[PDB]
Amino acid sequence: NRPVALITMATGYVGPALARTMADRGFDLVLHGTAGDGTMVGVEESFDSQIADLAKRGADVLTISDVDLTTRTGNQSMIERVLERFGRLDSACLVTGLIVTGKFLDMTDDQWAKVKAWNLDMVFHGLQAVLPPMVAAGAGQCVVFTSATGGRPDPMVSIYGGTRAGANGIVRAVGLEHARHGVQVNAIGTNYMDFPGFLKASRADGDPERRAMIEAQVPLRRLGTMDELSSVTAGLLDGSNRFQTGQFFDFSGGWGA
């Protein structure tokens, strides 16, 4: 009678570390991500490499990689495939968004459209899919990953930070609206995290001297670890804390405080 957790974009970012700790905590897993080995773009840990490790921890695993999570059909199909394999959905970690920066007056209609599809549509369709089975069960926990820029939309990041703020707003209303059914929905927004996504976007991957300058912008003078982020994320998904919902938690070393 093991509980089931869903994690998306799990071939990178916090997915791999989160899966390990959720398996240690007694969960079966459903991992959505990119197919192929490490050479393919956006693949930090392939499906194959993870399955061996997670099985030793005692978790059954299902993989999904042929859905478009910016649409209703992609998210509905993902949850349908979850329920037929395991027949339940206790927790869900929805990783969303795509980074874009630049002057506000240089932004194009394509950039504006891409920001809306990844920062808002993924959240809207994602939540409309995971909530029904949780409401029907009378219990559930969801974490939506947005961005720390949503708490302080700054110049040169207007359309990206601005839409992240709207995503946090949606999570507040949704987390409050379904609380009476025993369901929790919260948001986490990170920045200055140590992984390829942030390193490339901040032009820090090339020069170690530029890395040090970027670290000097964080109050705690370092970049975050995925093991740290997974421990925090799991705390909102493992059933140990059922008294927080509709809230946004900043995770950027004090940058967003």
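Don't overthink the numbering: it's just position in the shown sequence, from 1.
Here 102 to 110 and 170 to 178 are compared by their mean Cα B-factor, and 102 to 110 comes out higher. For the segment pair 187 to 195 and 38 to 46, the entry gives 38 to 46 the higher mean B-factor, averaged over Cα atoms. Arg85: CA B factor in the highest third of modelled residues in this chain (values from the PDB entry).
Among the modelled residues of the chain, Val115 sits in the middle third by CA temperature factor in this PDB entry. Per-chain ranking of the deposited C-alpha B factor places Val157 in the middle third.
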